Each structure stands twice: as C-alpha cells, then as structure tokens.
>>> print(open('start21.cif').read())   # mmCIF, C-alpha atoms
data_work
loop_
_atom_site.label_atom_id
_atom_site.label_comp_id
_atom_site.auth_asym_id
_atom_site.auth_seq_id
_atom_site.Cartn_x
_atom_site.Cartn_y
_atom_site.Cartn_z
CA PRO W 1 0.00 0.00 0.00
CA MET W 2 0.88 3.61 -0.48
CA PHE W 3 -0.52 6.67 1.36
CA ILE W 4 0.11 10.24 0.06
CA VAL W 5 -0.91 13.44 2.03
CA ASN W 6 -0.73 16.83 0.29
CA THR W 7 -1.52 19.71 2.67
CA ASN W 8 -1.09 23.48 3.15
CA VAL W 9 0.01 22.92 6.82
CA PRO W 10 3.65 24.11 7.08
CA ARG W 11 6.57 21.71 7.32
CA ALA W 12 7.41 22.79 10.89
CA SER W 13 3.91 21.72 11.98
CA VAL W 14 4.54 18.14 10.85
CA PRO W 15 5.53 16.39 14.06
CA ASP W 16 8.64 14.16 14.50
CA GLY W 17 7.48 10.60 14.16
CA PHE W 18 4.68 11.23 11.68
CA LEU W 19 5.95 9.06 8.78
CA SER W 20 6.74 6.22 11.20
CA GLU W 21 3.28 6.56 12.83
CA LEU W 22 1.55 6.54 9.46
CA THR W 23 3.56 3.37 8.55
CA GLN W 24 2.69 1.39 11.76
CA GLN W 25 -0.99 2.58 11.66
CA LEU W 26 -1.54 1.61 8.00
CA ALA W 27 0.33 -1.76 8.43
CA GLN W 28 -2.13 -2.52 11.23
CA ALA W 29 -5.21 -1.16 9.28
CA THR W 30 -4.48 -2.92 6.02
CA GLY W 31 -3.16 -6.20 7.55
CA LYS W 32 0.02 -5.89 5.41
CA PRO W 33 3.58 -6.13 6.60
CA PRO W 34 5.15 -2.60 7.30
CA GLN W 35 7.94 -3.41 4.81
CA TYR W 36 5.32 -3.00 2.01
CA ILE W 37 3.79 0.36 3.30
CA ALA W 38 5.04 3.54 1.62
CA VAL W 39 4.16 6.92 3.02
CA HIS W 40 4.56 10.36 1.57
CA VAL W 41 3.70 13.70 3.27
CA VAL W 42 3.85 16.89 1.08
CA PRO W 43 3.48 20.03 3.27
CA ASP W 44 3.47 23.81 2.43
CA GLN W 45 1.02 23.34 -0.52
CA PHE W 46 -0.78 26.11 -2.39
CA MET W 47 -4.31 24.65 -2.08
CA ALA W 48 -7.93 25.52 -1.18
CA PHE W 49 -10.94 23.55 -0.06
CA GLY W 50 -14.57 24.84 -0.26
CA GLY W 51 -12.92 28.00 -1.61
CA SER W 52 -11.02 28.61 1.74
CA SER W 53 -7.25 28.41 2.55
CA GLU W 54 -7.74 27.22 6.13
CA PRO W 55 -5.74 24.01 6.80
CA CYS W 56 -6.86 21.16 4.54
CA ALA W 57 -5.60 17.93 2.98
CA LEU W 58 -5.87 15.99 -0.32
CA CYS W 59 -4.77 12.35 0.17
CA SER W 60 -4.64 9.10 -1.70
CA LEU W 61 -4.53 5.43 -0.48
CA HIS W 62 -3.47 2.74 -3.17
CA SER W 63 -3.61 -0.92 -2.20
CA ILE W 64 -3.77 -4.24 -4.05
CA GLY W 65 -7.08 -5.36 -2.47
CA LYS W 66 -8.18 -4.37 1.10
CA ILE W 67 -10.34 -1.59 -0.54
CA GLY W 68 -14.21 -1.58 -0.27
CA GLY W 69 -17.15 0.28 1.31
CA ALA W 70 -16.79 -0.80 4.94
CA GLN W 71 -12.96 -0.85 4.82
CA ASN W 72 -12.79 2.66 3.38
CA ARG W 73 -15.16 3.96 6.05
CA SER W 74 -12.73 2.51 8.59
CA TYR W 75 -9.67 3.95 6.82
CA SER W 76 -11.17 7.46 6.65
CA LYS W 77 -12.04 7.48 10.39
CA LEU W 78 -8.44 6.27 11.17
CA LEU W 79 -6.77 8.76 8.76
CA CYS W 80 -8.93 11.87 9.43
CA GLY W 81 -8.21 11.18 13.12
CA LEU W 82 -4.50 11.13 12.65
CA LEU W 83 -4.62 14.34 10.50
CA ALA W 84 -6.79 16.07 13.18
CA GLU W 85 -4.62 15.05 16.08
CA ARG W 86 -1.22 15.49 14.47
CA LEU W 87 -1.71 18.13 11.81
CA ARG W 88 -4.65 20.04 13.37
CA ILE W 89 -6.73 19.59 10.19
CA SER W 90 -10.56 19.42 10.39
CA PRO W 91 -11.92 16.10 9.11
CA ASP W 92 -14.47 18.04 6.89
CA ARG W 93 -11.55 19.67 5.04
CA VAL W 94 -9.90 16.31 4.14
CA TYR W 95 -10.36 14.30 0.94
CA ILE W 96 -9.03 10.75 0.62
CA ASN W 97 -9.20 9.02 -2.69
CA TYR W 98 -9.02 5.19 -2.49
CA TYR W 99 -7.62 2.99 -5.28
CA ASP W 100 -7.95 -0.72 -5.60
CA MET W 101 -4.95 -1.62 -7.72
CA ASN W 102 -4.62 -4.70 -9.83
CA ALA W 103 -1.43 -6.57 -9.03
CA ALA W 104 -0.39 -6.44 -12.72
CA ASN W 105 -0.67 -2.59 -12.52
CA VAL W 106 1.76 -2.20 -9.65
CA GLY W 107 5.50 -2.38 -10.53
CA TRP W 108 8.25 -3.16 -7.94
CA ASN W 109 11.71 -4.60 -7.98
CA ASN W 110 12.09 -4.72 -11.80
CA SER W 111 8.78 -6.50 -12.29
CA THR W 112 5.05 -6.30 -11.05
CA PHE W 113 3.18 -8.01 -8.27
CA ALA W 114 1.30 -10.15 -10.78
CA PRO T 1 -14.54 17.40 -7.19
CA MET T 2 -10.78 17.91 -6.90
CA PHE T 3 -8.56 19.63 -9.46
CA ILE T 4 -4.73 19.45 -9.32
CA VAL T 5 -2.28 21.37 -11.61
CA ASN T 6 1.42 20.63 -11.70
CA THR T 7 3.42 23.10 -13.79
CA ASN T 8 7.00 24.36 -14.48
CA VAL T 9 5.65 28.00 -14.44
CA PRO T 10 7.19 29.81 -11.42
CA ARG T 11 5.19 30.75 -8.33
CA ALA T 12 5.51 34.49 -9.04
CA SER T 13 3.70 33.93 -12.36
CA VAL T 14 0.54 32.59 -10.75
CA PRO T 15 -1.72 35.68 -10.54
CA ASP T 16 -3.52 36.51 -7.33
CA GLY T 17 -7.05 35.00 -7.04
CA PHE T 18 -6.20 31.92 -9.17
CA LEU T 19 -7.42 29.34 -6.63
CA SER T 20 -10.77 31.18 -6.08
CA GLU T 21 -11.34 31.41 -9.90
CA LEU T 22 -10.76 27.69 -10.38
CA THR T 23 -13.15 26.94 -7.47
CA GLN T 24 -15.98 29.13 -8.90
CA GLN T 25 -15.59 27.87 -12.50
CA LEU T 26 -15.44 24.20 -11.40
CA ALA T 27 -18.60 24.59 -9.17
CA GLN T 28 -20.44 25.90 -12.23
CA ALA T 29 -19.10 23.30 -14.75
CA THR T 30 -19.63 20.26 -12.50
CA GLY T 31 -22.98 21.11 -10.89
CA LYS T 32 -21.49 20.61 -7.37
CA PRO T 33 -21.59 23.46 -4.75
CA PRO T 34 -18.38 25.45 -4.35
CA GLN T 35 -18.34 24.04 -0.73
CA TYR T 36 -17.27 20.57 -1.97
CA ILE T 37 -14.58 21.88 -4.45
CA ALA T 38 -10.91 21.36 -3.81
CA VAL T 39 -8.03 22.95 -5.83
CA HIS T 40 -4.30 22.47 -5.77
CA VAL T 41 -1.61 24.35 -7.74
CA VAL T 42 2.00 23.16 -7.74
CA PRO T 43 4.34 25.56 -9.58
CA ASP T 44 8.18 25.38 -10.03
CA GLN T 45 8.21 21.78 -11.16
CA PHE T 46 10.93 19.96 -12.91
CA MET T 47 9.01 18.66 -15.94
CA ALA T 48 9.08 18.23 -19.72
CA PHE T 49 6.35 17.76 -22.40
CA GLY T 50 7.45 16.36 -25.77
CA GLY T 51 11.01 16.40 -24.71
CA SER T 52 10.86 20.25 -24.13
CA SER T 53 10.93 22.39 -21.01
CA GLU T 54 8.79 25.26 -22.42
CA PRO T 55 5.82 26.06 -20.09
CA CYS T 56 3.53 23.05 -19.60
CA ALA T 57 1.02 21.44 -17.23
CA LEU T 58 -0.03 18.05 -16.02
CA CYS T 59 -3.36 18.05 -14.35
CA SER T 60 -6.06 15.77 -12.77
CA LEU T 61 -9.85 16.25 -12.22
CA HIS T 62 -11.57 13.76 -9.92
CA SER T 63 -15.33 13.80 -9.47
CA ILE T 64 -18.03 11.34 -8.22
CA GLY T 65 -19.89 11.16 -11.55
CA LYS T 66 -20.13 14.14 -13.99
CA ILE T 67 -17.33 12.65 -16.03
CA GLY T 68 -17.96 11.57 -19.66
CA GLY T 69 -17.17 12.26 -23.31
CA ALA T 70 -18.94 15.52 -23.78
CA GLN T 71 -18.48 16.78 -20.22
CA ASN T 72 -14.69 16.14 -20.41
CA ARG T 73 -14.44 17.96 -23.71
CA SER T 74 -16.28 20.84 -21.97
CA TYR T 75 -13.98 20.67 -18.94
CA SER T 76 -10.86 20.69 -21.09
CA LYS T 77 -11.88 23.81 -23.00
CA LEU T 78 -12.76 25.51 -19.65
CA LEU T 79 -9.49 24.53 -18.06
CA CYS T 80 -7.01 24.94 -20.95
CA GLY T 81 -8.57 28.31 -21.33
CA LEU T 82 -7.77 29.32 -17.75
CA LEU T 83 -4.13 27.95 -17.95
CA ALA T 84 -3.67 29.82 -21.28
CA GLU T 85 -5.18 33.11 -19.90
CA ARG T 86 -3.81 33.01 -16.36
CA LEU T 87 -0.50 31.08 -16.70
CA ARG T 88 0.52 31.63 -20.39
CA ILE T 89 0.56 27.86 -21.05
CA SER T 90 -0.35 26.64 -24.59
CA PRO T 91 -3.26 24.29 -24.60
CA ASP T 92 -1.28 21.78 -26.66
CA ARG T 93 1.23 21.54 -23.78
CA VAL T 94 -1.52 20.59 -21.19
CA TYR T 95 -2.54 17.08 -20.14
CA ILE T 96 -5.63 16.64 -17.93
CA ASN T 97 -6.52 13.17 -16.64
CA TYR T 98 -10.17 12.72 -15.69
CA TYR T 99 -11.25 10.18 -12.99
CA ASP T 100 -14.89 9.23 -12.31
CA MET T 101 -14.66 8.11 -8.69
CA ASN T 102 -17.04 5.61 -7.02
CA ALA T 103 -18.65 7.24 -4.01
CA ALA T 104 -17.41 4.38 -1.74
CA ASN T 105 -13.78 5.30 -2.78
CA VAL T 106 -13.86 8.95 -1.69
CA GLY T 107 -13.29 9.63 2.02
CA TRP T 108 -14.34 12.83 3.72
CA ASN T 109 -15.26 13.94 7.24
CA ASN T 110 -14.39 10.55 8.95
CA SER T 111 -16.60 8.58 6.50
CA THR T 112 -17.12 8.04 2.65
CA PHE T 113 -19.75 9.34 0.22
CA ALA T 114 -21.60 5.95 -0.19
CA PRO I 1 1.98 8.92 -22.02
CA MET I 2 2.96 10.59 -18.76
CA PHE I 3 5.51 9.43 -16.25
CA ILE I 4 5.72 10.97 -12.71
CA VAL I 5 8.62 10.21 -10.25
CA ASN I 6 8.33 11.31 -6.54
CA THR I 7 11.58 10.60 -4.65
CA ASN I 8 13.45 11.64 -1.45
CA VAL I 9 16.75 11.81 -3.46
CA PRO I 10 17.91 15.47 -3.47
CA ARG I 11 17.67 17.72 -6.58
CA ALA I 12 21.46 17.88 -6.86
CA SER I 13 21.74 14.10 -7.13
CA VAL I 14 19.58 14.11 -10.28
CA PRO I 15 22.13 14.05 -13.15
CA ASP I 16 21.88 16.45 -16.09
CA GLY I 17 19.93 14.99 -19.05
CA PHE I 18 17.46 12.98 -16.88
CA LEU I 19 14.15 14.26 -18.23
CA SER I 20 15.40 13.84 -21.83
CA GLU I 21 16.62 10.29 -21.11
CA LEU I 22 13.23 9.41 -19.54
CA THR I 23 11.37 10.93 -22.52
CA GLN I 24 13.57 9.02 -25.01
CA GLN I 25 13.37 5.65 -23.29
CA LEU I 26 9.58 5.91 -22.68
CA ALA I 27 9.02 6.82 -26.36
CA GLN I 28 10.90 3.70 -27.25
CA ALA I 29 9.19 1.47 -24.69
CA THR I 30 5.60 2.53 -25.34
CA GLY I 31 5.95 2.80 -29.19
CA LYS I 32 4.68 6.45 -29.13
CA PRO I 33 6.35 9.53 -30.60
CA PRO I 34 8.43 11.46 -28.09
CA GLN I 35 6.21 14.55 -28.91
CA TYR I 36 3.40 12.86 -26.87
CA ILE I 37 5.56 11.94 -23.87
CA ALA I 38 5.40 14.01 -20.67
CA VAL I 39 7.79 13.45 -17.73
CA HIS I 40 7.82 14.91 -14.24
CA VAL I 41 10.53 14.40 -11.56
CA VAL I 42 9.81 15.62 -7.96
CA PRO I 43 12.99 15.29 -5.80
CA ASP I 44 13.61 16.22 -2.04
CA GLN I 45 10.37 14.57 -0.79
CA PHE I 46 9.53 13.63 2.78
CA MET I 47 8.76 9.93 2.27
CA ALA I 48 9.38 6.47 3.70
CA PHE I 49 9.24 3.04 2.17
CA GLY I 50 8.87 0.03 4.49
CA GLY I 51 9.46 2.46 7.39
CA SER I 52 12.95 3.39 6.15
CA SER I 53 13.92 6.86 4.88
CA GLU I 54 16.71 5.44 2.62
CA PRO I 55 16.38 6.37 -1.06
CA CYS I 56 13.01 5.38 -2.54
CA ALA I 57 10.62 6.40 -5.35
CA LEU I 58 6.82 6.44 -5.83
CA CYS I 59 5.94 6.67 -9.52
CA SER I 60 3.08 6.61 -11.99
CA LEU I 61 2.86 5.78 -15.77
CA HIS I 62 -0.38 6.87 -17.53
CA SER I 63 -0.95 5.81 -21.15
CA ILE I 64 -3.83 5.49 -23.47
CA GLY I 65 -3.43 1.74 -24.02
CA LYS I 66 -0.05 -0.10 -24.15
CA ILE I 67 -0.70 -1.12 -20.54
CA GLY I 68 -0.92 -4.77 -19.51
CA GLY I 69 0.66 -7.66 -17.67
CA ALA I 70 3.69 -8.22 -19.83
CA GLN I 71 4.11 -4.64 -20.97
CA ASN I 72 4.09 -3.44 -17.35
CA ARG I 73 6.80 -6.01 -16.33
CA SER I 74 8.92 -4.62 -19.20
CA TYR I 75 8.26 -1.00 -18.10
CA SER I 76 9.22 -1.83 -14.54
CA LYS I 77 12.53 -3.40 -15.63
CA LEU I 78 13.36 -0.36 -17.76
CA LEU I 79 12.18 2.24 -15.14
CA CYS I 80 13.75 0.62 -12.06
CA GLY I 81 16.97 0.25 -14.06
CA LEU I 82 17.00 3.94 -14.76
CA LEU I 83 16.15 4.99 -11.19
CA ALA I 84 18.96 2.59 -9.96
CA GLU I 85 21.65 3.78 -12.47
CA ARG I 86 20.84 7.50 -12.30
CA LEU I 87 19.44 8.08 -8.82
CA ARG I 88 21.05 5.12 -7.02
CA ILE I 89 17.61 3.91 -5.73
CA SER I 90 17.28 0.13 -5.08
CA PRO I 91 14.61 -1.41 -7.33
CA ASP I 92 12.97 -2.98 -4.31
CA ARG I 93 12.33 0.58 -2.88
CA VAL I 94 10.36 1.66 -5.99
CA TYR I 95 6.64 1.50 -6.65
CA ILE I 96 5.23 2.38 -10.11
CA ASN I 97 1.47 2.55 -10.52
CA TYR I 98 0.24 1.80 -14.11
CA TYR I 99 -2.93 3.43 -15.45
CA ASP I 100 -4.56 2.49 -18.81
CA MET I 101 -6.47 5.71 -19.57
CA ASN I 102 -9.59 5.83 -21.76
CA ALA I 103 -9.06 8.36 -24.56
CA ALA I 104 -12.26 10.15 -23.46
CA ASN I 105 -10.61 10.78 -20.08
CA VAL I 106 -7.38 12.49 -21.25
CA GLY I 107 -7.76 16.21 -21.98
CA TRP I 108 -5.34 17.99 -24.26
CA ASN I 109 -5.53 21.08 -26.41
CA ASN I 110 -9.04 22.23 -25.42
CA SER I 111 -10.63 18.81 -25.97
CA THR I 112 -9.91 15.12 -25.31
CA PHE I 113 -8.20 12.37 -27.34
CA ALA I 114 -11.60 10.55 -27.97
#
>>> encode(input="start21.cif", output="structure tokens")
Amino acid sequence: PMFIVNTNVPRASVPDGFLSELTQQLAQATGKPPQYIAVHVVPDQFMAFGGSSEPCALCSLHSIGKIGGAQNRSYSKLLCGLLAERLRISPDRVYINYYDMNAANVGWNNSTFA
Amino acid sequence: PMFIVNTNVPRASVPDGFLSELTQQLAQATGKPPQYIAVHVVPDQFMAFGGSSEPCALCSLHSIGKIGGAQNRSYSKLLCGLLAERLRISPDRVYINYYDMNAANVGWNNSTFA
Amino acid sequence: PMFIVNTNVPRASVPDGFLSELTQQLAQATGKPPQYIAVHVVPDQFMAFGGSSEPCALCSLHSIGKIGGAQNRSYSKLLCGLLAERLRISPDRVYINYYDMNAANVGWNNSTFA
C-alpha cells in the first residue's frame, strides 16, 4: 500500500514521528507487513478547499485489495483522526481518494506483483 | 470534485485569485456546490512535455460522476482556457486526466460518500 | 503517455539529461512519438518506504493503451533500471502505478483524445 498526504500545513507543523506513525498505523489497518507500506507527506502546498485556505488535505490510499465500502469507512475514520490530532486539520476539510490496484498494474523490484 | 495542476511556471507567475477562480468555475461546470470543491496548484516543477521544457502542465480532475465524453471535452476547453489566460501555457502543452470516482472510494469527514 | 517520479533523493543528485533520457526511453518502450511523452521528476520529498527513509521512489505511468501484464513487467525493468543507475535507488524501494487511460478521459488542447 501507499498513502500520500498533500496539505497546506507548514513543514514545521509536521511532528517528528509522523511518517513512522503513518507506517505502523496503515500496516495494522491494512493487515500488510510494514515493509510493504510507503508513506509520503507533502506540506506547504498552495491549495484551497470549499474555496477557503484554512488548513486542509488531499490524500490518496493505493492498495492491491483491502479496498471496499466498509474498509474505506474505517480507513477514513483512522486517517482523518490522525490528521486532526497530528496536523490540526478538520476532518471536513480532508479528501481521501481510495484505489484498488490490480497486481499487474503495480511495478516493484524490476517487475510487477502479478 | 478535486482539481490538481502541476506546472513548471514559477510561483511568481501565478496571478492573485487563481485558486478562487478555479473553485468558482469548477462549481459551475460540474454542478457541485463550491463548498465541496478542492483545488491544488504546484508551480516550479521539474518537468518536460514532448522532450521540451517550455511552459507546460499536467493536471487531474476527480469527481463522483459528472465525467464523460462531452463533459470532459467541456472541462478541457474551460481549463485549458484558464491555464492559457492566467498562466501563459499553450493548450497543446496541457494534459488533464479525468477520474470518475465511485462514491465508496472517496473519504471525507471521517466517512465516505456511499 | 505521462511518467511521474516522486523521490526523497535530493535535486542535486539528479544528473543532467534525466528528463530527456526518460522521454527518449519511454518513447521507445511505449511505441509512441516522443512529442506525446510528458515526464515529471519531484525530488527532495519527505517519504518512507517500508518504514525506512533510505532512497526510494513512488511513480506513476499513464498511457492510453499499451498497458498490460507483460508490458508493465517490461516498463518496470526499464524504469527501475534507470532509477537505480541514475538516482542510485534500489529497485525494491520503488513502486510504479500503471494506469490504462480511456481516450475520453485524457484532456489535451481544449478537448480530449476521444
């Protein structure tokens, strides 16, 4: 799995530990080993949500399987929570796009996961 | 809806009010209220289009529905027009990927849209 | 086609000629004129792979067709090889997401490719 956060919250406001926390939290949430979890946080963005420049986030979660209606509800509660507590972003100013990737469509280590 | 623009045009060349203009125009074109509209502009990129580093843009529009042949043609004219007028980018150096998202795959406010 | 590379490798460790090399090798690999190829390299990112901040890359390849099981294995061999030779990133710390885009869903030059 891979989790990307783009946000207008400044770099300095991203707490020590946040990548490692995202990694352990997603490894737990997805049931995948942490060695397979990639995390990417992109602060200081020029972005707006609802027309306002108050803190906000645009995020993506890509996984081969482990993506569905109930699972994504449980991801968004987990992830919004972490962004609220760590980054001080309101859950109603967060978007998370979920992608169920086909193994053949994910390359790694000179090949794909097919 | 969410609209992202990545461009090699420098930050200083993005005119004031550019995020609010995208938000208003995308509310109108999509039928969604400006409240649900997210916009993200990423200048100063290291990027090439056709092997050339003249001004260019790679862009994404995600929406739950409101994506289709005619609508996308209409979005592209809207949006190339704004990048031409506001950022001095030629329309033939713009790519815009459209994504019709399933409601169960968009997270927001601790839940999903399904 | 469009190829995006997000990496924590610093800007100064990206060798001169990289975008042109990527454009040339993707033209060859996808069978498409280099005029249609767009390439985007984002260095200096705050990311982790498998909970390590050693060099890593998260990438995407979008193409209208020329996407599939075998083709994507071949892409991954070519693309990992380049990120290992040029950026000194281990192929097992690279992900590349492949997207077969519908022509209706790729905007360009005020319209779409449909």
>>> atom_distance(input="start21.cif", atom1="atom CA of residue 98 of chain I", atom2="atom CA of residue 11 of chain I")
24.8 Å
>>> closest_residue(input="start21.cif", among="I:43, I:31, I:69, I:51", to="chain T", atoms="only C-alpha atoms")
I:43
>>> interface_residues(input="start21.cif", of="chain T", to="chain I", cutoff="10 Å", atoms="all atoms listed in the file", output="PyMOL selection string")
chain T and resi 6-8+45-53+56-61+67-81+90-100
>>> atom_distance(input="start21.cif", atom1="atom CA of residue 87 of chain W", atom2="atom CA of residue 14 of chain W")
6.3 Å
>>> axis_aligned_box(input="start21.cif", around="segment 1-9 of chain I", padding_each_side="8 Å", output="AutoDock Vina command-line options")
--center_x 9.4 --center_y 10.4 --center_z -11.7 --size_x 30.8 --size_y 18.9 --size_z 36.6
>>> atom_distance(input="start21.cif", atom1="atom CA of residue 30 of chain I", atom2="atom CA of residue 17 of chain I")
20.0 Å
>>> closest_residue(input="start21.cif", among="I:13, I:18, I:32, I:66", to="residue 88 of chain I", atoms="all atoms listed in the file")
I:13
>>> decode(input="start21.cif", residues="segment 41-64 of chain T", atoms="N, CA and C atoms", output="PDB file, in the first residue's frame")
ATOM      1  N   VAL T  41      -2.536  23.803  -6.724  1.00  0.00           N
ATOM      2  CA  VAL T  41      -1.606  24.352  -7.744  1.00  0.00           C
ATOM      3  C   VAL T  41      -0.174  24.149  -7.242  1.00  0.00           C
ATOM      4  N   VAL T  42       0.676  23.545  -8.090  1.00  0.00           N
ATOM      5  CA  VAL T  42       2.001  23.161  -7.738  1.00  0.00           C
ATOM      6  C   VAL T  42       2.929  23.741  -8.813  1.00  0.00           C
ATOM      7  N   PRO T  43       3.348  25.013  -8.644  1.00  0.00           N
ATOM      8  CA  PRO T  43       4.345  25.564  -9.584  1.00  0.00           C
ATOM      9  C   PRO T  43       5.819  25.100  -9.413  1.00  0.00           C
ATOM     10  N   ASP T  44       6.758  25.668 -10.202  1.00  0.00           N
ATOM     11  CA  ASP T  44       8.176  25.383 -10.033  1.00  0.00           C
ATOM     12  C   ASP T  44       8.631  23.962 -10.221  1.00  0.00           C
ATOM     13  N   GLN T  45       7.832  23.166 -10.959  1.00  0.00           N
ATOM     14  CA  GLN T  45       8.211  21.781 -11.161  1.00  0.00           C
ATOM     15  C   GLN T  45       9.256  21.566 -12.212  1.00  0.00           C
ATOM     16  N   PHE T  46       9.938  20.454 -12.055  1.00  0.00           N
ATOM     17  CA  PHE T  46      10.932  19.965 -12.909  1.00  0.00           C
ATOM     18  C   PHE T  46      10.252  18.925 -13.820  1.00  0.00           C
ATOM     19  N   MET T  47       9.929  19.388 -15.024  1.00  0.00           N
ATOM     20  CA  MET T  47       9.013  18.663 -15.941  1.00  0.00           C
ATOM     21  C   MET T  47       9.230  18.997 -17.377  1.00  0.00           C
ATOM     22  N   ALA T  48       8.892  18.052 -18.262  1.00  0.00           N
ATOM     23  CA  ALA T  48       9.080  18.225 -19.716  1.00  0.00           C
ATOM     24  C   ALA T  48       7.845  17.684 -20.426  1.00  0.00           C
ATOM     25  N   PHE T  49       7.519  18.224 -21.603  1.00  0.00           N
ATOM     26  CA  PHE T  49       6.346  17.764 -22.403  1.00  0.00           C
ATOM     27  C   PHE T  49       6.871  17.698 -23.799  1.00  0.00           C
ATOM     28  N   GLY T  50       6.823  16.551 -24.438  1.00  0.00           N
ATOM     29  CA  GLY T  50       7.451  16.365 -25.765  1.00  0.00           C
ATOM     30  C   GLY T  50       8.902  16.555 -25.877  1.00  0.00           C
ATOM     31  N   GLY T  51       9.608  16.296 -24.784  1.00  0.00           N
ATOM     32  CA  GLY T  51      11.009  16.400 -24.712  1.00  0.00           C
ATOM     33  C   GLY T  51      11.479  17.852 -24.425  1.00  0.00           C
ATOM     34  N   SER T  52      10.557  18.801 -24.255  1.00  0.00           N
ATOM     35  CA  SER T  52      10.857  20.252 -24.128  1.00  0.00           C
ATOM     36  C   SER T  52      10.455  20.787 -22.772  1.00  0.00           C
ATOM     37  N   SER T  53      11.265  21.735 -22.266  1.00  0.00           N
ATOM     38  CA  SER T  53      10.932  22.388 -21.013  1.00  0.00           C
ATOM     39  C   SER T  53      10.254  23.784 -21.114  1.00  0.00           C
ATOM     40  N   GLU T  54       9.707  24.115 -22.296  1.00  0.00           N
ATOM     41  CA  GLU T  54       8.789  25.263 -22.421  1.00  0.00           C
ATOM     42  C   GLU T  54       7.645  25.111 -21.399  1.00  0.00           C
ATOM     43  N   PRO T  55       6.880  26.204 -21.090  1.00  0.00           N
ATOM     44  CA  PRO T  55       5.825  26.059 -20.087  1.00  0.00           C
ATOM     45  C   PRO T  55       4.837  24.940 -20.415  1.00  0.00           C
ATOM     46  N   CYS T  56       4.477  24.150 -19.396  1.00  0.00           N
ATOM     47  CA  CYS T  56       3.532  23.050 -19.604  1.00  0.00           C
ATOM     48  C   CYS T  56       2.818  22.735 -18.291  1.00  0.00           C
ATOM     49  N   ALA T  57       1.850  21.823 -18.377  1.00  0.00           N
ATOM     50  CA  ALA T  57       1.024  21.436 -17.225  1.00  0.00           C
ATOM     51  C   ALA T  57       0.540  20.029 -17.306  1.00  0.00           C
ATOM     52  N   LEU T  58       0.612  19.302 -16.176  1.00  0.00           N
ATOM     53  CA  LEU T  58      -0.026  18.048 -16.021  1.00  0.00           C
ATOM     54  C   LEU T  58      -1.025  18.155 -14.892  1.00  0.00           C
ATOM     55  N   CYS T  59      -2.247  17.752 -15.204  1.00  0.00           N
ATOM     56  CA  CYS T  59      -3.362  18.047 -14.345  1.00  0.00           C
ATOM     57  C   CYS T  59      -4.288  16.856 -14.146  1.00  0.00           C
ATOM     58  N   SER T  60      -5.105  16.886 -13.089  1.00  0.00           N
ATOM     59  CA  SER T  60      -6.060  15.765 -12.773  1.00  0.00           C
ATOM     60  C   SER T  60      -7.392  16.442 -12.345  1.00  0.00           C
ATOM     61  N   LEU T  61      -8.543  15.911 -12.757  1.00  0.00           N
ATOM     62  CA  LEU T  61      -9.853  16.252 -12.222  1.00  0.00           C
ATOM     63  C   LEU T  61     -10.550  15.002 -11.771  1.00  0.00           C
ATOM     64  N   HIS T  62     -10.814  14.905 -10.485  1.00  0.00           N
ATOM     65  CA  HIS T  62     -11.567  13.764  -9.920  1.00  0.00           C
ATOM     66  C   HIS T  62     -12.928  14.281  -9.554  1.00  0.00           C
ATOM     67  N   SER T  63     -13.926  13.511  -9.852  1.00  0.00           N
ATOM     68  CA  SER T  63     -15.329  13.795  -9.468  1.00  0.00           C
ATOM     69  C   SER T  63     -16.131  12.496  -9.258  1.00  0.00           C
ATOM     70  N   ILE T  64     -17.105  12.468  -8.308  1.00  0.00           N
ATOM     71  CA  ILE T  64     -18.031  11.336  -8.217  1.00  0.00           C
ATOM     72  C   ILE T  64     -19.129  11.496  -9.279  1.00  0.00           C
TER      73      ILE T  64
END
